[PDB]
Amino acid sequence: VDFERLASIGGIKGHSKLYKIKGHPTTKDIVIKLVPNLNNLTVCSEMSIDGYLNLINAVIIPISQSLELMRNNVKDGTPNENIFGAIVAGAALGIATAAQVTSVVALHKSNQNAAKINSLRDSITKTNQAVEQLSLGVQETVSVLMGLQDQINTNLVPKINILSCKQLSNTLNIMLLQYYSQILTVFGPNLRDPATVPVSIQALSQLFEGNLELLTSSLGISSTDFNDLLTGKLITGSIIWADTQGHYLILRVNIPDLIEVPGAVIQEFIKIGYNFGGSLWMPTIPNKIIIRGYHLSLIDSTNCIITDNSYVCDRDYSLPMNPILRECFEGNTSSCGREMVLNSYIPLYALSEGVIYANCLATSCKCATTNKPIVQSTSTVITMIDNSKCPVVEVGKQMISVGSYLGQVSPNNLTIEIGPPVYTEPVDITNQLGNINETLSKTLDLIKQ
Amino acid sequence: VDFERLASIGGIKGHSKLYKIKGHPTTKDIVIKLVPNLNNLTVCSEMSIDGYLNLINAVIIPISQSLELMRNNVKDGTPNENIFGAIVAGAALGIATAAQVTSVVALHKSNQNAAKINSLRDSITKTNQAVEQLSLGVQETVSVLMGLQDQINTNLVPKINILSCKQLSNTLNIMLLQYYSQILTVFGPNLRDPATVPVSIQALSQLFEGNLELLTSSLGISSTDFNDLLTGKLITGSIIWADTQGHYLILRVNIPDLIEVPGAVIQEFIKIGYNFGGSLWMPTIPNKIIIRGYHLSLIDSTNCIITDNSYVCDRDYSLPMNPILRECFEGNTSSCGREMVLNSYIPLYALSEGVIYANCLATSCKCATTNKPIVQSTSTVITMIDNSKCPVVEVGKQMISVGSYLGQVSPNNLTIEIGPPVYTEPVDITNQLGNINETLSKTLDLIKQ
Amino acid sequence: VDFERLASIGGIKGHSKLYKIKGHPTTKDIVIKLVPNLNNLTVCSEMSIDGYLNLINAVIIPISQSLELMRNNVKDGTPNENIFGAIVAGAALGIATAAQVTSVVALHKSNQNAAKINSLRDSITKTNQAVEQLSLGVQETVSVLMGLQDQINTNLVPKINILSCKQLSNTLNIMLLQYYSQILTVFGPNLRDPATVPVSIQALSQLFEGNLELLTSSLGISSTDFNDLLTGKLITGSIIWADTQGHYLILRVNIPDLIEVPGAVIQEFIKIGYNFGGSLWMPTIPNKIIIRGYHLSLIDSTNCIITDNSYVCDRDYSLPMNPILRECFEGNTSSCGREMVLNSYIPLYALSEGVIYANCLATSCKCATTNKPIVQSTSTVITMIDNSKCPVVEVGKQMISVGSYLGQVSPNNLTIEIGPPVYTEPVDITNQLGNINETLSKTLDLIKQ
Ligand SMILES: *[C@@H]1O[C@H](CO[C@@H]2O[C@@H](C)[C@@H](O)[C@@H](O)[C@@H]2O)[C@@H](O[C@@H]2O[C@H](CO)[C@@H](O[C@@H]3O[C@H](CO)[C@@H](O)[C@H](O)[C@@H]3O)[C@H](O)[C@H]2NC(C)=O)[C@H](O)[C@H]1NC(C)=O
Ligand SMILES: *[C@@H]1O[C@H](CO[C@@H]2O[C@@H](C)[C@@H](O)[C@@H](O)[C@@H]2O)[C@@H](O[C@@H]2O[C@H](CO)[C@@H](O[C@@H]3O[C@H](CO)[C@@H](O)[C@H](O)[C@@H]3O)[C@H](O)[C@H]2NC(C)=O)[C@H](O)[C@H]1NC(C)=O
Ligand SMILES: *[C@@H]1O[C@H](CO[C@@H]2O[C@@H](C)[C@@H](O)[C@@H](O)[C@@H]2O)[C@@H](O[C@@H]2O[C@H](CO)[C@@H](O[C@@H]3O[C@H](CO)[C@@H](O)[C@H](O)[C@@H]3O)[C@H](O)[C@H]2NC(C)=O)[C@H](O)[C@H]1NC(C)=O
Ligand SMILES: *[C@@H]1O[C@H](CO)[C@@H](O)[C@H](O)[C@H]1NC(C)=O
Ligand SMILES: *[C@@H]1O[C@H](CO)[C@@H](O)[C@H](O)[C@H]1NC(C)=O
Ligand SMILES: *[C@@H]1O[C@H](CO)[C@@H](O)[C@H](O)[C@H]1NC(C)=O
Ligand SMILES: *[C@@H]1O[C@H](CO)[C@@H](O)[C@H](O)[C@H]1NC(C)=O
Ligand SMILES: *[C@@H]1O[C@H](CO)[C@@H](O)[C@H](O)[C@H]1NC(C)=O
Ligand SMILES: *[C@@H]1O[C@H](CO)[C@@H](O)[C@H](O)[C@H]1NC(C)=O
Ligand SMILES: *[C@@H]1O[C@H](CO)[C@@H](O)[C@H](O)[C@H]1NC(C)=O
Ligand SMILES: *[C@@H]1O[C@H](CO)[C@@H](O)[C@H](O)[C@H]1NC(C)=O
Ligand SMILES: *[C@@H]1O[C@H](CO)[C@@H](O)[C@H](O)[C@H]1NC(C)=O
Ligand SMILES: *[C@@H]1O[C@H](CO)[C@@H](O)[C@H](O)[C@H]1NC(C)=O
Ligand SMILES: *[C@@H]1O[C@H](CO)[C@@H](O)[C@H](O)[C@H]1NC(C)=O
Ligand SMILES: *[C@H]1O[C@H](CO)[C@@H](O)[C@H](O)[C@H]1NC(C)=O
């Protein structure tokens with residue numbers, strides 16, 4: 001890429017940041033209970049828990065049935081001693097994809113640990129606090145949790161005798177209906193196929209009043225640097241057991257790790273408007289260019305957080321680009337398109353290493369040190385301001401200082417090769433393909449002559 | 001649609017679902033009280049209600065004057081000779097659509113029931129609980145409802161003498177300001193034209209801590225199956241009255257239904273990457289094809305929820321394709337477009353009726369029962385794998401089992417034909433336009449002579 | 001623009017509203033403290049504040065360091081003959097934009113007032129109420145506030161001795177993790193550079209349970225008409241100080257004003273389907289047209305709220321419109337394009353000042369004064385209906401009355417030109433990609449002839 005020619009056409013080189021992709025995740029098993037274990041409220045709680053039980057058993061049972069169905073198709077013990085592993089009975093599958101097979105293999109791998117955690121069902125159902133830990137093994141422990149367990153251990157407990165029992169039953173019914181609305185909201189897409197659908201950690205967090213940090217801390221991840229504090233919205237987890245007896249859900253989550261792709265640097269750009277042909281124009285370039293070993297491609301940070309120093313993505317998002325755009329970035333400013341604007345929010349000046357790139361035709365350019373106006377050149381449109389002209393500069397309204405030097409090439413004396421203009425592209429451009437069509441079927445009429 | 005040549009072009013036939021959408025327009029009517037009724041707080045409440053009342057008086061009166069204007073835009077009379085009424089006022093609508101006329105007919109249809117509900121205004125204001133059902137007639141009822149009644153019947157009521165009265169007044173002001181912010185949030189677009197704008201049941205439930213099925217069970221809808229349980233976001237409804245003295249809003253909602261359009265089957269597809277020209281490609285076909293008696297249309301599930309077995313839409317969303325797409329799906333794989341990718345997240349193999357469609361040029365394909373590689377034929381690009389080759393297949397890393405049979409013919413032994421790709425960013429269409437600019441007078445240079 | 005031919009192609013003139021732009025905002029300074037001042041809880045608080053402080057220091061300290069680092073890059077003083085201008089040291093900026101320069105100038109303006117507010121740090125940290133005021137000067141005041149100060153002044157305070165101190169400590173821990181997650185949620189993009197990123201009042205109010213007009217009333221701005229009730233989602237604020245001692249942020253917010261651009265009228269339109277060629281077609285014209293002294297342009301309401309009488313935007317969003325669309329709106333219905341629709345939710349009739357535009361080919365049309373049907377003319381598709389034919393009209397299933405007159409000339413008796421249909425696919429481009437290439441040999445063939 002040539003920054004001098006692309007600055008001649010009106011694009012200024014922005015920051016350079018890194019690219020990091022999530023990769024190599026380890027697994028951790030969590031358990032979530034659903035039944036609010038009340039021990040203090042055995043005086044006045046009545047039958048009303050069983051209505052909540054009937055409403056949650058409408059969704060606990062079919063998820064568990066599909067979960068035991070999907071783990072039933074796979075088997076182990078490949079024929080021959082040389083070949084061994086998990087075998088998917090694809091005749092019993094019907095239609096399946098690669099990630100579904102991978103999830104089936106993962107569930108078959110975690111079936112033994114699911115049975116190991118299922119051995120502690122009475123330990124799961126005996127908890128009376130919000131979040132606590134129980135000894136899974138000699139070195140492993142579980143992370144049982146309920147957000148609403150605290151709500152009938154710090155709010156509804158002290159009103160055990162001041163307030164009437166039917167009012168406690170009605171308030172518990174309102175809270176249970178609201179919580180069942182929350183579980184109904186979060187396990188929406190999970191109802192179709194609860195094996196191949198990951199669970200967002202924030203969607204888990206709205207079950208517990210939107211506290212993602214409690215799940216992050218009790219899960220074990222402790223973000224310390226600046227880069228991992230923004231990260232935490234990409235933690236994925238899958239359900240491995242859906243037990244109906246204690247009415248609990250055993251899930252397996254993936255602890256992320258931000259690996260770094262070698263040699264890939266994300267380069268940003270700033271687009272300014274320039275006055276050509278009596279109109280204001282902007283070059284048509286993408287904002288972000290990934291560069292890796294003299295190779296230009298495209299990415300999208302639609303799902304990626306952007307730090308001050310790097311681009312952090314959940315997964316690699318490499319998109320191809322047109323070779324005409326590659327020639328536009330490399331040498332050919334004639335191959336770069338331009339669009340027109342007339343709105344008031346167009347930047348005309350910007351700073352780059354102490355060098356001002358400014359359109360002086362619309363912006364007032366002056367030097368404070370000499371008190372003389374600066375005129376637009378006719379060989380260029382974008383006008384540079386450095387310490388060669390004047391140190392202390394009047395641009396627009398503002399006093400500024402400049403610094404450094406162009407380095408290699410001055411685009412003031414360089415020729416101008418602004419390419420063809422493009423228009424706006426709504427469904428209007430399909431109507432211009434329509435009048436291109438009538439021009440072409442005029443030429444088809446002129447073919448026969 | 002032929003699935004063998006569509007498997008040759010790179011598409012795999014996915015699941016088949018239904019289009020059981022829309023239903024009978026049975027309705028129901030409820031009452032939304034705004035001012036909460038305090039009865040235990042007659043000791044220490046001051047006149048903190050007056051600021052809330054002055055805040056809501058700026059809201060309630062415009063909807064009331066708009067609705068009485070809208071009733072002034074219609075009469076019935078008995079003009080003509082066969083017509084016994086239901087005429088609209090001439091030119092009093094100004095600018096109006098068909099849905100506005102339908103809303104006019106709806107208010108003229110329900111004004112008698114609105115007067116019937118308004119006959120018990122003193123019965124409306126005497127409620128001191130959250131949700132009540134009061135008898136409209138002999139076998140009829142409505143639902144008067146106040147979700148913040150509980151918060152000043154279980155939280156602010158017991159602190160009547162423990163906490164100081166000015167602190168209760170301040171906290172009451174805080175929750176009144178918060179709840180008035182909630183009404184200002186939910187009746188945002190409703191303030192412009194409060195007769196033709198429906199009300200989302202989820203945004204209505206957001207006034208009540210997001211307890212949707214509390215409103216649903218108080219309404220009367222009891223979804224019992226899997227398909228209708230996810231449904232409940234298609235309730236909707238329109239306000240029929242905005243009474244100022246009781247400060248309440250009489251709402252009319254529609255009880256939905258799920259009828260089935262006959263013969264319409266939604267078909268899913270899986271698009272895999274194939275290695276042609278030393279490059280990775282995918283075919284360009286839409287994901288869902290609706291088929292009804294040899295008729296292909298297009299749909300968009302931008303709002304429709306997807307069940308495990310069918311598609312639930314609020315309303316029919318039929319779209320067409322080009323006839324070139326119809327020939328692409330029927331017989332012409334040369335008319336099916338393609339796209340080039342280089343990203344890592346491209347699946348290359350999938351399963352369909354125990355038959356593997358695999359890109360073995362990039363995927364390791366072996367038979368574990370015989371320990372031999374599976375090689376790509378030069379005639380095919382996508383490899384069919386069944387039990388005729390080998391029962392246990394190594395694909396990728398995984399042991400899998402195949403089964404069933406082929407189905408008519410195979411896609412491997414068929415001829416393959418392909419076409420050019422194209423993308424967005426119409427600067428290439430701009431160069432094509434300049435090509436037309438030079439081309440049309442490239443024609444009229446040396447035709448004759 | 002005409003409305004006779006434009007309704008003859010099927011577009012009906014909607015309401016005419018105004019255009020207003022937010023302009024000239026003044027500045028007011030607020031302060032936001034973050035450490036919850038507990039005074040009643042000195043009996044049982046333990047050291048749970050220390051973990052919250054350790055969590056929030058990693059956010060507070062680098063924001064303050066970046067703020068003072070950006071503060072160092074601007075200097076004042078006289079550049080020889082010029083008096084002042086706040087000279088920006090451009091060597092200490094790297095790459096900067098115009099908005100960043102304006103923000104640096106804003107903080108250079110606000111350093112003195114930030115120091116004046118920072119002189120009352122012990123006054124800031126001593127507040128034990130939710131929202132209260134302190135005297136900044138003889139005529140200026142500050143607006144120190146918390147949404148969660150009340151929560152440990154009305155909820156956790158009365159359970160000082162009834163509930164155990166470790167349960168109070170755990171409840172405070174859970175609520176502090178939840179609120180620390182709230183600050184991590186709202187200050188997401190602010191951590192990259194906390195000077196150039198504006199702060200929305202909505203996400204700020206999300207820290208205080210979504211009570212927007214509590215913040216608005218503490219600011220002092222008050223809405224009084226219909227147009228300012230919907231306005232309230234566009235308040236812009238910027239960080240001016242990030243003090244780590246009392247752990248508070250001094251913020252400067254911009255109280256706005258809705259200025260009116262003169263002569264600009266936003267025109268809406270209603271597009272109906274018309275039956276041509278045995279099929280339903282939809283004309284392709286934009287819904288909104290801004291007209292200002294015979295000047296058509298394009299706008300987008302992607303962020304602008306729409307009131308009953310005007311358009312309220314955060315900033316001007318004028319876009320150029322095509323000269324082919326200028327011929328479409330002025331004279332040439334051939335330039336007005338079309339598309340082919342088949343879905344059932346297409347309106348075919350509408351009312352405009354007692355003028356019925358009705359496609360009577362698909363809609364039943366009658367006059368029950370005479371009890372006869374109304375037929376379709378061959379010279380037009382859209383049916384003109386006024387009181388000259390019959391004053392009381394039957395359209396579809398609805399019985400209406402009309403008035404007024406035609407409007408200059410009737411839109412039924414003329415003949416209008418037509419545009420071609422379009423689609424939403426790049427297939428056409430690929431067609432031409434080889435088409436013009438094939439027709440190129442044909443052009444030379446004409447030359448050969
Ligand atoms: C999940 O897998 C289990 C285990 O069965 C094994 O896997 C199947 C896929 C087949 O390949 C089996 O041959 C294989 O053993 C299946 O559970 C089994 O279900 C059957 C009924 O389908 C049960 O038989 C019943 O048993 C008693 C006998 O007294 C009577 O009630 C009935 O007469 C009937 O025969 C059987 O006990 C049960 N268990 C075992 C170990 O075979 C299961 O069908 C399968 N699928 C699902 C969806 O759960
Ligand atoms: C909505 O409609 C009511 C009812 O009036 C009926 O509908 C109107 C659209 C017109 O077609 C009327 O002719 C028709 O009766 C309107 O309320 C009426 O408003 C008028 C004033 O516009 C009232 O007249 C006043 O009455 C007393 C007489 O002592 C004095 O205060 C005034 O001198 C004045 O004459 C009238 O009483 C009232 N009611 C009726 C039954 O006619 C209403 O104006 C209309 N529009 C709106 C915007 O509310
Ligand atoms: C922000 O600015 C302050 C003020 O410094 C002034 O502005 C800077 C932008 C430069 O132009 C300075 O020349 C100018 O004075 C900076 O504080 C200063 O930091 C320096 C170190 O960077 C301190 O020097 C130290 O001082 C003592 C001397 O006994 C010893 O510890 C060291 O040997 C060392 O020399 C200096 O005292 C201090 N104050 C002043 C008034 O200069 C500050 O660093 C700067 N930037 C940031 C990121 O905070
Ligand atoms: C409440 O429950 C706790 C925990 O089980 C127990 O220690 C306490 O004694 C109970 N109190 C009453 C009054 O039941
Ligand atoms: C593009 O640039 C190359 C050198 O980088 C040059 O040879 C070529 O002619 C240019 N093409 C244009 C300006 O169209
Ligand atoms: C640009 O070229 C001019 C002559 O046109 C020359 O005076 C000037 O020094 C050049 N600038 C450079 C090489 O930076
Ligand atoms: C293109 O033009 C031809 C000839 O006028 C017309 O028949 C055809 O429908 C048009 N096609 C498209 C896709 O615009
Ligand atoms: C509180 O209100 C309820 C319901 O109206 C009533 O039964 C009760 O007596 C009231 N209590 C007091 C102390 O006013
Ligand atoms: C595929 O075609 C080949 C010849 O090209 C033939 O030998 C083979 O039997 C065919 N397989 C089918 C029809 O399944
Ligand atoms: C290209 O330009 C104009 C429109 O700008 C068009 O009318 C003309 O036919 C085209 N060709 C030439 C040779 O100008
Ligand atoms: C609680 O704090 C308030 C306000 O500072 C004070 O008036 C009151 O005495 C305190 N009460 C106790 C029990 O400490
Ligand atoms: C466009 O309209 C003008 C008058 O406004 C007319 O002279 C001209 O012929 C029209 N052009 C068409 C229909 O192509
Ligand atoms: C429409 O044209 C007819 C002649 O075809 C004429 O009689 C009639 O008055 C016209 N209507 C107008 C101009 O409104
Ligand atoms: C059409 O011709 C142009 C110019 O030679 C070429 O760039 C383009 O690839 C061709 N398109 C096809 C599909 O052959
Ligand atoms: C497919 O069949 C159609 C006729 O139905 C034909 O026009 C097309 O060329 C065929 N596909 C080929 C040979 O590319």
# chains A, B, ... in the order shown; residues from 1 in each chain; ligands from 1
$ interface_residues --of "chain C" --to "chain B" --cutoff "7 Å" --atoms "only C-alpha atoms" --output "PyMOL selection string"
chain C and resi 14-15+210-214+230+307-308+343+347+349-354+368-369+399-403+426+430+443+446-449
$ write_last_selection --atoms "C-alpha atoms" --output "PDB file, in the first residue's frame"
ATOM      1  CA  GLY C  14     -48.930  11.852   2.415  1.00  0.00           C
ATOM      2  CA  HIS C  15     -48.605  14.341   5.230  1.00  0.00           C
ATOM      3  CA  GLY C 210     -33.564   3.497  33.830  1.00  0.00           C
ATOM      4  CA  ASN C 211     -34.976   6.626  35.503  1.00  0.00           C
ATOM      5  CA  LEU C 212     -34.258   9.049  32.663  1.00  0.00           C
ATOM      6  CA  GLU C 213     -36.320  12.043  33.721  1.00  0.00           C
ATOM      7  CA  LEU C 214     -34.928  11.906  37.262  1.00  0.00           C
ATOM      8  CA  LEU C 230     -40.248  12.449  22.543  1.00  0.00           C
ATOM      9  CA  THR C 307     -43.384  13.809  15.877  1.00  0.00           C
ATOM     10  CA  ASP C 308     -46.911  14.627  14.695  1.00  0.00           C
ATOM     11  CA  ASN C 343     -48.009 -10.993  -1.311  1.00  0.00           C
ATOM     12  CA  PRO C 347     -53.133  -1.894   0.021  1.00  0.00           C
ATOM     13  CA  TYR C 349     -57.078   2.023  -1.979  1.00  0.00           C
ATOM     14  CA  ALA C 350     -56.407   5.124   0.093  1.00  0.00           C
ATOM     15  CA  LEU C 351     -57.970   8.458   1.013  1.00  0.00           C
ATOM     16  CA  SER C 352     -56.444  11.900   0.467  1.00  0.00           C
ATOM     17  CA  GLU C 353     -58.632  14.936   1.324  1.00  0.00           C
ATOM     18  CA  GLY C 354     -61.792  13.038   0.422  1.00  0.00           C
ATOM     19  CA  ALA C 368     -75.173   2.588  -3.233  1.00  0.00           C
ATOM     20  CA  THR C 369     -76.984   5.800  -4.139  1.00  0.00           C
ATOM     21  CA  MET C 399     -68.717   1.862   3.320  1.00  0.00           C
ATOM     22  CA  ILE C 400     -67.274   5.380   3.043  1.00  0.00           C
ATOM     23  CA  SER C 401     -68.206   8.940   2.124  1.00  0.00           C
ATOM     24  CA  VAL C 402     -66.139  11.387   0.081  1.00  0.00           C
ATOM     25  CA  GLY C 403     -65.939  15.081  -0.736  1.00  0.00           C
ATOM     26  CA  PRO C 426     -26.147  -9.589  -8.573  1.00  0.00           C
ATOM     27  CA  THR C 430     -22.908 -11.588 -14.119  1.00  0.00           C
ATOM     28  CA  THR C 443     -20.446  -4.433 -32.379  1.00  0.00           C
ATOM     29  CA  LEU C 446     -21.714  -4.407 -37.317  1.00  0.00           C
ATOM     30  CA  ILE C 447     -18.401  -2.638 -38.172  1.00  0.00           C
ATOM     31  CA  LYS C 448     -17.550  -5.654 -40.413  1.00  0.00           C
ATOM     32  CA  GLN C 449     -20.961  -5.232 -42.161  1.00  0.00           C
TER      33      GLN C 449
END
$ residues_near_ligand --ligand "ligand 1" --cutoff "9 Å" --atoms "only C-alpha atoms and all ligand atoms" --output "PyMOL selection string"
chain A and resi 65-66+68-73+92
$ calpha_fit_rmsd --fixed "chain B" --moving "chain C"
0.9 Å
$ residues_near_ligand --ligand "ligand 11" --cutoff "12 Å" --atoms "only C-alpha atoms and all ligand atoms" --output "VMD selection string"
(chain B and resid 162 to 164 167) or (chain C and resid 37 to 44 126 to 129 150 152 to 154 156 to 161)
$ write_last_selection --atoms "N, CA and C atoms" --output "tab-separated table (two decimals), in the first residue's frame"
chain	number	residue	atom	x	y	z
B	162	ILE	N	-41.32	2.15	61.06
B	162	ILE	CA	-39.90	1.92	61.29
B	162	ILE	C	-39.06	3.02	60.65
B	163	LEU	N	-39.45	3.46	59.46
B	163	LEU	CA	-38.71	4.44	58.69
B	163	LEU	C	-39.44	5.78	58.71
B	164	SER	N	-38.67	6.86	58.57
B	164	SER	CA	-39.22	8.21	58.66
B	164	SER	C	-40.05	8.55	57.43
B	167	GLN	N	-38.60	9.93	54.25
B	167	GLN	CA	-37.87	8.94	53.47
B	167	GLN	C	-38.81	8.07	52.65
C	37	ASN	N	-21.49	5.61	49.86
C	37	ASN	CA	-21.24	6.15	51.19
C	37	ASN	C	-22.22	5.53	52.17
C	38	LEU	N	-21.73	4.59	52.97
C	38	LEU	CA	-22.51	3.99	54.04
C	38	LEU	C	-22.10	4.63	55.36
C	39	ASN	N	-23.09	5.05	56.14
C	39	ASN	CA	-22.83	5.70	57.42
C	39	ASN	C	-23.52	4.94	58.54
C	40	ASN	N	-24.71	4.41	58.25
C	40	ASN	CA	-25.43	3.59	59.22
C	40	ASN	C	-24.84	2.19	59.35
C	41	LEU	N	-24.09	1.73	58.34
C	41	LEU	CA	-23.58	0.37	58.30
C	41	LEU	C	-22.16	0.26	58.83
C	42	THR	N	-21.74	1.17	59.71
C	42	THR	CA	-20.40	1.06	60.28
C	42	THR	C	-20.30	-0.03	61.35
C	43	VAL	N	-21.43	-0.56	61.81
C	43	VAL	CA	-21.40	-1.65	62.78
C	43	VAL	C	-20.94	-2.95	62.12
C	44	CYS	N	-21.53	-3.29	60.98
C	44	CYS	CA	-21.22	-4.52	60.25
C	44	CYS	C	-21.07	-4.20	58.77
C	126	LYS	N	-18.95	13.46	51.11
C	126	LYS	CA	-19.70	13.43	52.36
C	126	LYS	C	-21.20	13.23	52.17
C	127	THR	N	-21.67	13.08	50.93
C	127	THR	CA	-23.10	12.94	50.68
C	127	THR	C	-23.60	11.57	51.10
C	128	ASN	N	-24.72	11.56	51.83
C	128	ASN	CA	-25.36	10.32	52.26
C	128	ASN	C	-26.77	10.16	51.69
C	129	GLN	N	-27.17	11.03	50.76
C	129	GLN	CA	-28.46	10.94	50.10
C	129	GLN	C	-28.28	10.50	48.66
C	150	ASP	N	-29.80	5.34	47.79
C	150	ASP	CA	-31.08	5.07	48.42
C	150	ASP	C	-31.25	3.59	48.77
C	152	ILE	N	-29.07	1.55	49.96
C	152	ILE	CA	-28.46	1.28	51.25
C	152	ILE	C	-28.80	2.49	52.11
C	153	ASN	N	-30.00	3.03	51.89
C	153	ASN	CA	-30.64	3.93	52.84
C	153	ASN	C	-32.11	3.62	53.07
C	154	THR	N	-32.68	2.63	52.38
C	154	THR	CA	-34.04	2.21	52.67
C	154	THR	C	-34.24	0.70	52.70
C	156	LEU	N	-31.15	-1.98	53.03
C	156	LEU	CA	-30.16	-2.71	53.82
C	156	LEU	C	-29.94	-2.07	55.19
C	157	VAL	N	-30.30	-0.80	55.35
C	157	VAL	CA	-30.27	-0.11	56.65
C	157	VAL	C	-31.24	-0.71	57.68
C	158	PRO	N	-32.55	-0.94	57.41
C	158	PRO	CA	-33.42	-1.44	58.49
C	158	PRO	C	-33.12	-2.86	58.95
C	159	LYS	N	-32.41	-3.66	58.16
C	159	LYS	CA	-31.96	-4.98	58.59
C	159	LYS	C	-30.56	-4.91	59.21
C	160	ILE	N	-30.38	-3.99	60.16
C	160	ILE	CA	-29.05	-3.80	60.75
C	160	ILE	C	-28.79	-4.83	61.84
C	161	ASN	N	-29.80	-5.22	62.61
C	161	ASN	CA	-29.63	-6.17	63.70
C	161	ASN	C	-30.56	-7.38	63.63
$ atom_distance --atom1 "atom 10 (C, counted along the ligand's line) of ligand 3" --atom2 "CA of residue 75 (chain C)"
10.5 Å
$ atom_distance --atom1 "CA of residue 273 (chain C)" --atom2 "CA of residue 384 (chain C)"
14.7 Å
$ select_by_dssp --residues "region 120-266 of chain B" --states "strand (DSSP E)" --output "JSON, numbers by chain"
{"B": [131, 132, 133, 134, 135, 141, 142, 143, 144, 145, 237, 238, 239, 240, 241, 248, 249, 250, 251, 252, 253, 254, 255, 265, 266]}
$ atom_distance --atom1 "CA of residue 148 (chain A)" --atom2 "CA of residue 131 (chain A)"
10.2 Å
